[PDB]
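Participant: Take a look at work_35.pdb, PDB, C-alpha atoms:
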MODEL        1
ATOM      1  CA  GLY A   1      29.640 206.068 140.148
ATOM      2  CA  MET A   2      27.045 204.220 138.156
ATOM      3  CA  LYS A   3      23.604 205.746 138.370
ATOM      4  CA  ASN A   4      20.351 203.887 138.236
ATOM      5  CA  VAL A   5      16.770 205.118 138.293
ATOM      6  CA  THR A   6      13.795 203.241 139.612
ATOM      7  CA  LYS A   7      10.439 203.470 141.329
ATOM      8  CA  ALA A   8      10.843 204.246 145.053
ATOM      9  CA  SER A   9       9.559 202.051 147.815
ATOM     10  CA  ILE A  10       8.660 202.985 151.387
ATOM     11  CA  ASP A  11      12.125 201.853 152.494
ATOM     12  CA  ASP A  12      13.494 204.856 150.625
ATOM     13  CA  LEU A  13      11.403 207.509 152.406
ATOM     14  CA  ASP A  14      13.850 208.451 155.210
ATOM     15  CA  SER A  15      16.718 208.958 152.753
ATOM     16  CA  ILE A  16      14.507 210.923 150.396
ATOM     17  CA  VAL A  17      13.269 213.231 153.156
ATOM     18  CA  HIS A  18      16.845 213.718 154.337
ATOM     19  CA  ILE A  19      17.619 215.126 150.866
ATOM     20  CA  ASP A  20      14.542 217.329 151.054
ATOM     21  CA  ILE A  21      15.551 218.731 154.461
ATOM     22  CA  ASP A  22      18.778 219.960 152.712
ATOM     23  CA  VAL A  23      16.885 221.505 149.823
ATOM     24  CA  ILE A  24      13.950 223.238 151.591
ATOM     25  CA  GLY A  25      15.185 223.421 155.166
ATOM     26  CA  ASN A  26      12.773 221.077 156.950
ATOM     27  CA  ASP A  27      10.650 217.931 156.657
ATOM     28  CA  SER A  28       7.480 219.783 155.645
ATOM     29  CA  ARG A  29       7.105 217.804 152.437
ATOM     30  CA  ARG A  30       7.516 214.397 154.115
ATOM     31  CA  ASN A  31       3.781 213.572 154.033
ATOM     32  CA  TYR A  32       3.425 214.591 150.405
ATOM     33  CA  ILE A  33       6.365 212.434 149.486
ATOM     34  CA  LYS A  34       5.158 209.527 151.670
ATOM     35  CA  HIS A  35       1.736 209.675 149.971
ATOM     36  CA  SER A  36       3.441 209.754 146.592
ATOM     37  CA  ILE A  37       5.385 206.597 147.408
ATOM     38  CA  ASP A  38       2.187 204.974 148.774
ATOM     39  CA  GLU A  39       0.578 205.638 145.355
ATOM     40  CA  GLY A  40       3.588 204.551 143.297
ATOM     41  CA  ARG A  41       4.258 208.096 142.084
ATOM     42  CA  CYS A  42       7.864 208.563 143.349
ATOM     43  CA  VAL A  43      11.090 207.803 141.457
ATOM     44  CA  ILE A  44      14.652 207.730 142.828
ATOM     45  CA  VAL A  45      18.089 208.029 141.262
ATOM     46  CA  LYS A  46      20.874 206.149 143.103
ATOM     47  CA  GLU A  47      24.659 206.101 142.888
ATOM     48  CA  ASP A  48      27.144 204.162 145.031
ATOM     49  CA  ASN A  49      24.460 202.503 147.181
ATOM     50  CA  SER A  50      22.749 205.736 148.182
ATOM     51  CA  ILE A  51      19.893 207.832 146.921
ATOM     52  CA  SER A  52      21.066 210.937 145.066
ATOM     53  CA  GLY A  53      17.776 212.504 144.087
ATOM     54  CA  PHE A  54      14.056 211.936 143.583
ATOM     55  CA  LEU A  55      11.015 212.897 141.611
ATOM     56  CA  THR A  56       7.282 212.899 142.354
ATOM     57  CA  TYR A  57       4.422 213.300 139.918
ATOM     58  CA  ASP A  58       0.643 213.284 139.639
ATOM     59  CA  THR A  59      -1.803 213.111 136.800
ATOM     60  CA  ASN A  60      -4.041 215.981 137.809
ATOM     61  CA  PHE A  61      -2.748 218.885 135.660
ATOM     62  CA  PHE A  62      -5.443 219.295 133.019
ATOM     63  CA  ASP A  63      -5.590 215.445 133.013
ATOM     64  CA  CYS A  64      -1.871 215.235 132.235
ATOM     65  CA  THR A  65       1.206 214.133 134.195
ATOM     66  CA  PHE A  66       2.912 216.901 136.081
ATOM     67  CA  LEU A  67       6.334 216.419 137.633
ATOM     68  CA  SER A  68       5.730 218.077 140.989
ATOM     69  CA  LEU A  69       9.184 217.635 142.605
ATOM     70  CA  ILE A  70      12.519 217.135 140.877
ATOM     71  CA  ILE A  71      15.128 217.170 143.637
ATOM     72  CA  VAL A  72      18.857 216.422 143.642
ATOM     73  CA  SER A  73      20.974 216.205 146.764
ATOM     74  CA  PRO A  74      23.078 219.364 147.225
ATOM     75  CA  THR A  75      26.015 217.019 147.915
ATOM     76  CA  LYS A  76      26.260 216.088 144.249
ATOM     77  CA  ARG A  77      28.921 217.698 142.067
ATOM     78  CA  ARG A  78      28.235 216.663 138.549
ATOM     79  CA  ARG A  79      25.262 217.159 136.290
ATOM     80  CA  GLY A  80      22.969 214.421 135.110
ATOM     81  CA  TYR A  81      20.956 213.304 138.162
ATOM     82  CA  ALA A  82      17.871 215.339 137.286
ATOM     83  CA  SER A  83      18.286 214.205 133.659
ATOM     84  CA  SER A  84      18.225 210.573 134.758
ATOM     85  CA  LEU A  85      14.927 211.226 136.580
ATOM     86  CA  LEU A  86      13.412 212.966 133.570
ATOM     87  CA  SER A  87      14.465 210.243 131.149
ATOM     88  CA  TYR A  88      12.766 207.636 133.319
ATOM     89  CA  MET A  89       9.556 209.664 133.068
ATOM     90  CA  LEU A  90       9.797 209.899 129.338
ATOM     91  CA  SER A  91       9.367 206.110 129.347
ATOM     92  CA  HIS A  92       7.115 205.659 132.363
ATOM     93  CA  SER A  93       4.648 208.576 132.297
ATOM     94  CA  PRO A  94       1.066 207.380 132.457
ATOM     95  CA  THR A  95       0.076 210.084 129.966
ATOM     96  CA  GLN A  96       1.511 211.051 126.580
ATOM     97  CA  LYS A  97       1.812 214.670 127.670
ATOM     98  CA  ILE A  98       4.231 215.583 130.451
ATOM     99  CA  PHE A  99       4.355 218.982 132.162
ATOM    100  CA  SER A 100       6.413 220.513 134.930
ATOM    101  CA  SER A 101       7.543 223.952 136.017
ATOM    102  CA  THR A 102      10.247 225.985 137.654
ATOM    103  CA  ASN A 103      10.682 229.588 138.745
ATOM    104  CA  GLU A 104      11.710 232.157 136.164
ATOM    105  CA  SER A 105      14.696 232.832 138.453
ATOM    106  CA  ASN A 106      15.829 229.169 138.364
ATOM    107  CA  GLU A 107      18.149 229.173 135.445
ATOM    108  CA  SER A 108      19.720 225.856 136.563
ATOM    109  CA  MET A 109      16.452 223.951 136.281
ATOM    110  CA  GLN A 110      15.628 225.715 133.049
ATOM    111  CA  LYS A 111      18.883 224.282 131.670
ATOM    112  CA  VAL A 112      17.928 220.817 132.889
ATOM    113  CA  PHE A 113      14.558 221.048 131.074
ATOM    114  CA  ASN A 114      16.345 222.150 127.953
ATOM    115  CA  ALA A 115      18.856 219.297 128.234
ATOM    116  CA  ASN A 116      15.954 216.884 128.272
ATOM    117  CA  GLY A 117      13.915 218.244 125.318
ATOM    118  CA  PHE A 118      11.228 220.029 127.332
ATOM    119  CA  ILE A 119       9.998 223.331 125.894
ATOM    120  CA  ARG A 120       8.601 226.452 127.477
ATOM    121  CA  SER A 121       4.857 226.085 127.525
ATOM    122  CA  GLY A 122       3.367 228.899 129.579
ATOM    123  CA  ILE A 123       3.567 230.783 132.835
ATOM    124  CA  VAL A 124       1.656 231.047 136.124
ATOM    125  CA  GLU A 125       1.862 234.403 137.842
ATOM    126  CA  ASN A 126       0.810 235.446 141.371
ATOM    127  CA  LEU A 127       2.558 232.541 143.049
ATOM    128  CA  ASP A 128       6.038 233.365 144.435
ATOM    129  CA  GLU A 129       6.355 237.152 144.649
ATOM    130  CA  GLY A 130       7.854 238.527 141.436
ATOM    131  CA  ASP A 131       9.055 235.091 140.371
ATOM    132  CA  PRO A 132       6.496 233.262 138.261
ATOM    133  CA  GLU A 133       6.364 229.583 137.493
ATOM    134  CA  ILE A 134       7.444 228.795 133.966
ATOM    135  CA  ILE A 135       5.589 225.793 132.567
ATOM    136  CA  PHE A 136       7.578 223.172 130.688
ATOM    137  CA  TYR A 137       6.210 220.553 128.327
ATOM    138  CA  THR A 138       7.198 217.445 126.449
ATOM    139  CA  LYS A 139       5.747 214.228 125.107
ATOM    140  CA  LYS A 140       6.712 210.661 126.059
ATOM    141  CA  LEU A 141       9.112 208.456 124.151
ATOM    142  CA  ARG A 142       7.180 206.530 121.437
TER     143      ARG A 142
ATOM    144  CA  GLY B   1     -36.421 233.744 139.913
ATOM    145  CA  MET B   2     -34.478 234.048 143.114
ATOM    146  CA  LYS B   3     -31.081 232.418 142.982
ATOM    147  CA  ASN B   4     -29.300 230.786 145.849
ATOM    148  CA  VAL B   5     -25.871 229.193 146.075
ATOM    149  CA  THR B   6     -24.858 226.420 148.397
ATOM    150  CA  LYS B   7     -22.694 223.365 148.892
ATOM    151  CA  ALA B   8     -24.025 220.389 146.890
ATOM    152  CA  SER B   9     -25.049 217.113 148.411
ATOM    153  CA  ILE B  10     -25.205 213.675 146.799
ATOM    154  CA  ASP B  11     -28.924 214.207 146.161
ATOM    155  CA  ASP B  12     -27.917 216.838 143.621
ATOM    156  CA  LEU B  13     -25.648 214.605 141.511
ATOM    157  CA  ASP B  14     -28.199 213.416 138.900
ATOM    158  CA  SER B  15     -29.353 216.974 138.174
ATOM    159  CA  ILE B  16     -25.786 218.224 138.015
ATOM    160  CA  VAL B  17     -24.725 215.497 135.583
ATOM    161  CA  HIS B  18     -27.797 216.206 133.466
ATOM    162  CA  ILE B  19     -26.474 219.769 133.044
ATOM    163  CA  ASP B  20     -23.039 218.413 132.193
ATOM    164  CA  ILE B  21     -24.444 216.073 129.521
ATOM    165  CA  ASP B  22     -25.807 219.267 127.808
ATOM    166  CA  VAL B  23     -22.496 221.081 128.067
ATOM    167  CA  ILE B  24     -19.980 218.356 127.076
ATOM    168  CA  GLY B  25     -22.202 215.833 125.333
ATOM    169  CA  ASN B  26     -22.031 212.863 127.708
ATOM    170  CA  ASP B  27     -21.703 211.751 131.335
ATOM    171  CA  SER B  28     -17.918 211.360 131.204
ATOM    172  CA  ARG B  29     -17.366 213.757 134.084
ATOM    173  CA  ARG B  30     -19.919 212.085 136.382
ATOM    174  CA  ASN B  31     -17.285 210.301 138.507
ATOM    175  CA  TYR B  32     -15.181 213.424 138.891
ATOM    176  CA  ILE B  33     -18.215 215.361 139.983
ATOM    177  CA  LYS B  34     -19.422 212.543 142.281
ATOM    178  CA  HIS B  35     -15.984 212.434 143.950
ATOM    179  CA  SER B  36     -16.067 216.201 144.318
ATOM    180  CA  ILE B  37     -19.413 216.034 146.104
ATOM    181  CA  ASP B  38     -18.118 213.143 148.271
ATOM    182  CA  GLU B  39     -15.255 215.453 149.363
ATOM    183  CA  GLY B  40     -17.420 218.543 149.852
ATOM    184  CA  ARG B  41     -15.840 220.334 146.889
ATOM    185  CA  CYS B  42     -18.976 220.980 144.751
ATOM    186  CA  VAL B  43     -21.221 224.065 144.823
ATOM    187  CA  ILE B  44     -24.616 224.536 143.141
ATOM    188  CA  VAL B  45     -26.652 227.558 142.107
ATOM    189  CA  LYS B  46     -30.448 227.041 142.143
ATOM    190  CA  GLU B  47     -33.425 229.007 140.857
ATOM    191  CA  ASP B  48     -37.120 228.076 140.960
ATOM    192  CA  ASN B  49     -36.543 224.739 142.721
ATOM    193  CA  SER B  50     -34.019 223.435 140.210
ATOM    194  CA  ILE B  51     -30.277 223.438 139.828
ATOM    195  CA  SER B  52     -29.070 225.975 137.266
ATOM    196  CA  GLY B  53     -25.335 225.464 137.418
ATOM    197  CA  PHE B  54     -22.435 224.086 139.446
ATOM    198  CA  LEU B  55     -18.818 224.491 140.349
ATOM    199  CA  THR B  56     -16.100 222.083 141.489
ATOM    200  CA  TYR B  57     -12.722 222.912 142.962
ATOM    201  CA  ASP B  58      -9.598 221.375 144.457
ATOM    202  CA  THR B  59      -6.673 222.684 146.406
ATOM    203  CA  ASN B  60      -3.899 221.084 144.403
ATOM    204  CA  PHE B  61      -2.776 223.911 142.066
ATOM    205  CA  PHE B  62       0.552 224.999 143.534
ATOM    206  CA  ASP B  63      -1.142 224.485 146.956
ATOM    207  CA  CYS B  64      -3.934 226.892 146.014
ATOM    208  CA  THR B  65      -7.642 226.499 145.225
ATOM    209  CA  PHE B  66      -8.400 225.977 141.580
ATOM    210  CA  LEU B  67     -11.942 226.176 140.250
ATOM    211  CA  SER B  68     -11.914 223.150 137.964
ATOM    212  CA  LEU B  69     -15.487 223.313 136.567
ATOM    213  CA  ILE B  70     -17.757 226.336 136.320
ATOM    214  CA  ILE B  71     -20.849 225.156 134.456
ATOM    215  CA  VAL B  72     -24.192 226.821 133.734
ATOM    216  CA  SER B  73     -27.142 225.063 132.158
ATOM    217  CA  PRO B  74     -27.510 226.020 128.475
ATOM    218  CA  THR B  75     -31.222 226.525 129.224
ATOM    219  CA  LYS B  76     -30.505 229.738 131.104
ATOM    220  CA  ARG B  77     -31.075 233.087 129.404
ATOM    221  CA  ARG B  78     -29.716 235.719 131.672
ATOM    222  CA  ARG B  79     -26.266 236.351 133.048
ATOM    223  CA  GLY B  80     -25.283 235.983 136.659
ATOM    224  CA  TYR B  81     -25.322 232.237 137.415
ATOM    225  CA  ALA B  82     -21.568 231.787 137.050
ATOM    226  CA  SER B  83     -21.097 235.022 139.033
ATOM    227  CA  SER B  84     -23.165 233.607 141.884
ATOM    228  CA  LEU B  85     -20.886 230.537 141.954
ATOM    229  CA  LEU B  86     -17.742 232.659 141.941
ATOM    230  CA  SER B  87     -18.976 234.953 144.698
ATOM    231  CA  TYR B  88     -19.643 231.950 146.918
ATOM    232  CA  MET B  89     -16.022 230.895 146.408
ATOM    233  CA  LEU B  90     -14.730 234.297 147.291
ATOM    234  CA  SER B  91     -16.173 233.644 150.760
ATOM    235  CA  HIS B  92     -15.692 229.894 151.033
ATOM    236  CA  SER B  93     -12.318 229.130 149.413
ATOM    237  CA  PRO B  94     -10.070 227.164 151.729
ATOM    238  CA  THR B  95      -7.084 229.192 150.516
ATOM    239  CA  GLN B  96      -6.530 232.940 150.209
ATOM    240  CA  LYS B  97      -5.468 232.552 146.590
ATOM    241  CA  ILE B  98      -8.002 231.367 144.022
ATOM    242  CA  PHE B  99      -7.131 230.326 140.465
ATOM    243  CA  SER B 100      -9.080 229.055 137.495
ATOM    244  CA  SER B 101      -8.767 229.038 133.728
ATOM    245  CA  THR B 102     -10.579 229.118 130.437
ATOM    246  CA  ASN B 103      -9.633 228.790 126.782
ATOM    247  CA  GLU B 104      -8.295 231.831 124.971
ATOM    248  CA  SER B 105     -11.214 231.315 122.558
ATOM    249  CA  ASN B 106     -13.815 231.499 125.371
ATOM    250  CA  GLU B 107     -14.595 235.144 125.432
ATOM    251  CA  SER B 108     -17.829 234.519 127.401
ATOM    252  CA  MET B 109     -16.004 233.004 130.360
ATOM    253  CA  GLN B 110     -13.320 235.648 130.142
ATOM    254  CA  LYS B 111     -16.096 238.219 130.629
ATOM    255  CA  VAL B 112     -17.413 236.298 133.626
ATOM    256  CA  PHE B 113     -13.934 236.324 135.240
ATOM    257  CA  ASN B 114     -13.695 240.024 134.602
ATOM    258  CA  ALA B 115     -17.155 240.628 136.082
ATOM    259  CA  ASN B 116     -15.981 238.946 139.250
ATOM    260  CA  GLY B 117     -12.616 240.727 139.745
ATOM    261  CA  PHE B 118     -10.365 237.909 138.539
ATOM    262  CA  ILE B 119      -7.294 238.973 136.559
ATOM    263  CA  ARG B 120      -5.288 237.296 133.846
ATOM    264  CA  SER B 121      -2.478 235.448 135.532
ATOM    265  CA  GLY B 122      -0.717 233.278 132.973
ATOM    266  CA  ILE B 123      -1.190 230.746 130.225
ATOM    267  CA  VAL B 124      -0.747 227.001 129.662
ATOM    268  CA  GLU B 125       0.036 225.988 126.109
ATOM    269  CA  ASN B 126       0.068 222.528 124.472
ATOM    270  CA  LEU B 127      -3.319 221.545 125.837
ATOM    271  CA  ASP B 128      -6.231 222.068 123.397
ATOM    272  CA  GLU B 129      -4.780 222.473 119.901
ATOM    273  CA  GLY B 130      -4.149 226.150 119.160
ATOM    274  CA  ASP B 131      -6.337 227.245 122.057
ATOM    275  CA  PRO B 132      -4.370 227.671 125.266
ATOM    276  CA  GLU B 133      -5.714 227.850 128.774
ATOM    277  CA  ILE B 134      -5.650 231.351 130.177
ATOM    278  CA  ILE B 135      -5.062 231.350 133.927
ATOM    279  CA  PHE B 136      -7.197 233.623 136.078
ATOM    280  CA  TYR B 137      -6.464 234.737 139.618
ATOM    281  CA  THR B 138      -8.027 236.481 142.563
ATOM    282  CA  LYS B 139      -7.884 236.595 146.335
ATOM    283  CA  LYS B 140     -10.689 235.800 148.797
ATOM    284  CA  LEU B 141     -12.948 238.342 150.442
ATOM    285  CA  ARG B 142     -11.306 239.579 153.694
TER     286      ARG B 142
ENDMDL
END
Will you turn the file into structure tokens for me?

Facilitator:
Amino acid sequence: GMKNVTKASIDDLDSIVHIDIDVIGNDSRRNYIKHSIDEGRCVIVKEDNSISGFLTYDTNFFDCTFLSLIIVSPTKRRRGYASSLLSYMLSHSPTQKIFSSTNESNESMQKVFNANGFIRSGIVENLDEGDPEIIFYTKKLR
Amino acid sequence: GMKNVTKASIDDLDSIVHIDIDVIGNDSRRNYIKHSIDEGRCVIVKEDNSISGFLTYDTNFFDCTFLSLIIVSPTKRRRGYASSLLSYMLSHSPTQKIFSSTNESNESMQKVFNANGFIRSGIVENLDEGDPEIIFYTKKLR
């Protein structure tokens, strides 16, 4: 179906958290996500009248935007939902610099960052055991 | 003189910012520091009835404590003030994991991290031009 990306509202929270329960196993990130929506920091991608994925961000990573969750429903069967979320941020980031990360084991997300013009931009060790966070970087559309 | 380290109160803000004006050139971090004190996230080291240095932290670095400012007055002429601040955090961090960073060019701060049992733990590029942030890591006292 036709995708569209937009800023989430509080009406979207229960659908968003239902996605997150599929991805992480529980509703433990509900309050983080709720706070993000309260602050206008949550973006959704929709298709066929339902939410297909979501993104949260904050501006507290060395004073730059960091994309803290980039989540697609495990029901989806084609690529492009994460890309839609990222492209929205290229236009709507409150800072010129945009960072995010994923595990070194997560070759799927690495390929999404690549598909969206993000580059490797560092590493944070001593987080998940044996599986560091790889930092990704890009600049906004200008 | 005898040093002591303790949680800052709002009474300490004008002295703290006076240090920061020496270090960065202006009072641009006053609101950050003020907010830190408001939230109980600022530590001071004192000697001879005056504040000699300060530290701020937050718990929003991959859900871990990050020491966001570690600042010593440029008037001081012996080592140990930053160490005092770090040792307080080893006992008072709200998380078992403790991170911080400094520029790759900052060999003085690197030596402070070393003197306090922090290890290199990654890098973030595309911040200061040609001078990445080196991530440092340790665990709390237990």

Participant: Suppose a student applies the PyMOL selection byres ((chain B) within 12 of (chain A)) to this structure; what residues should they get, written as a PyMOL selection string?

Facilitator: chain B and resi 29+32+58-64+66-69+96-102+118-128+132-139

Participant: Filtering to C-alpha atoms, could you give me those residues as an mmCIF file, in the coordinates of the input?

Facilitator:
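Saved to again27.cif:
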data_model
loop_
_atom_site.group_PDB
_atom_site.id
_atom_site.type_symbol
_atom_site.label_atom_id
_atom_site.label_comp_id
_atom_site.auth_asym_id
_atom_site.auth_seq_id
_atom_site.Cartn_x
_atom_site.Cartn_y
_atom_site.Cartn_z
ATOM 1 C CA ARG B 29 -17.366 213.757 134.084
ATOM 2 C CA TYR B 32 -15.181 213.424 138.891
ATOM 3 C CA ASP B 58 -9.598 221.375 144.457
ATOM 4 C CA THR B 59 -6.673 222.684 146.406
ATOM 5 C CA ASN B 60 -3.899 221.084 144.403
ATOM 6 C CA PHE B 61 -2.776 223.911 142.066
ATOM 7 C CA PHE B 62 0.552 224.999 143.534
ATOM 8 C CA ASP B 63 -1.142 224.485 146.956
ATOM 9 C CA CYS B 64 -3.934 226.892 146.014
ATOM 10 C CA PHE B 66 -8.400 225.977 141.580
ATOM 11 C CA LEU B 67 -11.942 226.176 140.250
ATOM 12 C CA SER B 68 -11.914 223.150 137.964
ATOM 13 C CA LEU B 69 -15.487 223.313 136.567
ATOM 14 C CA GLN B 96 -6.530 232.940 150.209
ATOM 15 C CA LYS B 97 -5.468 232.552 146.590
ATOM 16 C CA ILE B 98 -8.002 231.367 144.022
ATOM 17 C CA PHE B 99 -7.131 230.326 140.465
ATOM 18 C CA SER B 100 -9.080 229.055 137.495
ATOM 19 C CA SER B 101 -8.767 229.038 133.728
ATOM 20 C CA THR B 102 -10.579 229.118 130.437
ATOM 21 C CA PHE B 118 -10.365 237.909 138.539
ATOM 22 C CA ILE B 119 -7.294 238.973 136.559
ATOM 23 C CA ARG B 120 -5.288 237.296 133.846
ATOM 24 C CA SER B 121 -2.478 235.448 135.532
ATOM 25 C CA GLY B 122 -0.717 233.278 132.973
ATOM 26 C CA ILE B 123 -1.190 230.746 130.225
ATOM 27 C CA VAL B 124 -0.747 227.001 129.662
ATOM 28 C CA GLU B 125 0.036 225.988 126.109
ATOM 29 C CA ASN B 126 0.068 222.528 124.472
ATOM 30 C CA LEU B 127 -3.319 221.545 125.837
ATOM 31 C CA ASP B 128 -6.231 222.068 123.397
ATOM 32 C CA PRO B 132 -4.370 227.671 125.266
ATOM 33 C CA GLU B 133 -5.714 227.850 128.774
ATOM 34 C CA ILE B 134 -5.650 231.351 130.177
ATOM 35 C CA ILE B 135 -5.062 231.350 133.927
ATOM 36 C CA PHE B 136 -7.197 233.623 136.078
ATOM 37 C CA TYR B 137 -6.464 234.737 139.618
ATOM 38 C CA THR B 138 -8.027 236.481 142.563
ATOM 39 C CA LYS B 139 -7.884 236.595 146.335
#

Participant: Could you jot down the CA of residue 105 in chain B to CA of residue 31 in chain B separation for me, Å, one decimal place?

Facilitator: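 Value for the CA of residue 105 in chain B-CA of residue 31 in chain B distance: 27.1 Å.
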
Participant: Expand the PyMOL selection byres ((chain B and resi 70) around 12) into the explicit residue set it covers here, and present it as a compact mmCIF listing (two decimals) with C-alpha atoms, keeping the file's coordinate frame.

Facilitator:
# COMPACT_ATOMS: atom_id res chain seq x y z
CA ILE B 16 -25.79 218.22 138.01
CA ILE B 19 -26.47 219.77 133.04
CA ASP B 20 -23.04 218.41 132.19
CA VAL B 23 -22.50 221.08 128.07
CA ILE B 33 -18.22 215.36 139.98
CA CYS B 42 -18.98 220.98 144.75
CA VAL B 43 -21.22 224.06 144.82
CA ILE B 44 -24.62 224.54 143.14
CA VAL B 45 -26.65 227.56 142.11
CA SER B 52 -29.07 225.98 137.27
CA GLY B 53 -25.34 225.46 137.42
CA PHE B 54 -22.44 224.09 139.45
CA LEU B 55 -18.82 224.49 140.35
CA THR B 56 -16.10 222.08 141.49
CA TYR B 57 -12.72 222.91 142.96
CA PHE B 66 -8.40 225.98 141.58
CA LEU B 67 -11.94 226.18 140.25
CA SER B 68 -11.91 223.15 137.96
CA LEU B 69 -15.49 223.31 136.57
CA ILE B 71 -20.85 225.16 134.46
CA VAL B 72 -24.19 226.82 133.73
CA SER B 73 -27.14 225.06 132.16
CA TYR B 81 -25.32 232.24 137.42
CA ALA B 82 -21.57 231.79 137.05
CA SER B 83 -21.10 235.02 139.03
CA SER B 84 -23.16 233.61 141.88
CA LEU B 85 -20.89 230.54 141.95
CA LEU B 86 -17.74 232.66 141.94
CA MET B 89 -16.02 230.90 146.41
CA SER B 100 -9.08 229.06 137.50
CA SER B 101 -8.77 229.04 133.73
CA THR B 102 -10.58 229.12 130.44
CA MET B 109 -16.00 233.00 130.36
CA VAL B 112 -17.41 236.30 133.63
CA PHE B 113 -13.93 236.32 135.24

Participant: For a test of reading the model, state the distance in Å between CA of residue 9 in chain A and CA of residue 30 in chain A, rounded to one decimal.

Facilitator: 14.0 Å

Participant: For a quick check of understanding, using only C-alpha atoms, which of B:65, B:1, B:34, B:40 has the smallest distance to residue 14 in chain B?

Facilitator: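 Smallest separation from residue 14 in chain B among the options: B:34.
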
Participant: Could you jot down the CA of residue 2 in chain A to CA of residue 48 in chain A separation for me, Å, one decimal place?

Facilitator: 6.9 Å

Participant: Given all atoms listed in the file as the basis, pick out the residue of A:111, A:142, A:18, A:92 nearest to residue 50 in chain A.

Facilitator: A:18

Participant: May I have the centre and edge lengths, in Å to one decimal, of an axis-aligned box around the listed atoms of range 107-110 of chain A with 6 Å added to every side, as JSON?

Facilitator:
{"center_x": 17.7, "center_y": 226.6, "center_z": 134.8, "size_x": 16.1, "size_y": 17.2, "size_z": 15.5}

Participant: Generate the missing atoms of range 84-100 of chain B up to N, CA and C atoms and report them as a short mmCIF file (atom, residue, chain, number, x, y, z; two decimals), in the frame of the given file.

Facilitator:
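Written file, result_8.cif:
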data_model
loop_
_atom_site.label_atom_id
_atom_site.label_comp_id
_atom_site.auth_asym_id
_atom_site.auth_seq_id
_atom_site.Cartn_x
_atom_site.Cartn_y
_atom_site.Cartn_z
N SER B 84 -22.69 234.07 140.59
CA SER B 84 -23.16 233.61 141.88
C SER B 84 -22.21 232.54 142.43
N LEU B 85 -21.83 231.60 141.57
CA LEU B 85 -20.89 230.54 141.95
C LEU B 85 -19.53 231.10 142.39
N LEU B 86 -19.02 232.04 141.63
CA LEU B 86 -17.74 232.66 141.94
C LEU B 86 -17.80 233.44 143.24
N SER B 87 -18.88 234.19 143.46
CA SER B 87 -18.98 234.95 144.70
C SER B 87 -19.03 234.06 145.93
N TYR B 88 -19.67 232.90 145.82
CA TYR B 88 -19.64 231.95 146.92
C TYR B 88 -18.21 231.53 147.24
N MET B 89 -17.41 231.26 146.20
CA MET B 89 -16.02 230.90 146.41
C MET B 89 -15.15 231.98 146.98
N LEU B 90 -15.47 233.22 146.70
CA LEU B 90 -14.73 234.30 147.29
C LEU B 90 -14.83 234.28 148.81
N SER B 91 -15.95 233.77 149.32
CA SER B 91 -16.17 233.64 150.76
C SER B 91 -15.83 232.29 151.36
N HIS B 92 -15.86 231.24 150.55
CA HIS B 92 -15.69 229.89 151.03
C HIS B 92 -14.42 229.15 150.59
N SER B 93 -13.58 229.76 149.77
CA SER B 93 -12.32 229.13 149.41
C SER B 93 -11.49 228.75 150.63
N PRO B 94 -10.92 227.53 150.60
CA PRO B 94 -10.07 227.16 151.73
C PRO B 94 -8.68 227.79 151.73
N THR B 95 -8.34 228.48 150.65
CA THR B 95 -7.08 229.19 150.52
C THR B 95 -7.33 230.66 150.14
N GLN B 96 -6.42 231.53 150.55
CA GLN B 96 -6.53 232.94 150.21
C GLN B 96 -6.44 233.19 148.73
N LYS B 97 -5.59 232.44 148.04
CA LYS B 97 -5.47 232.55 146.59
C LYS B 97 -6.42 231.62 145.87
N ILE B 98 -7.04 232.12 144.80
CA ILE B 98 -8.00 231.37 144.02
C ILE B 98 -7.61 231.48 142.55
N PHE B 99 -7.44 230.35 141.88
CA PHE B 99 -7.13 230.33 140.46
C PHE B 99 -8.24 229.57 139.71
N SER B 100 -8.28 229.83 138.43
CA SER B 100 -9.08 229.06 137.50
C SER B 100 -8.51 229.29 136.09
#
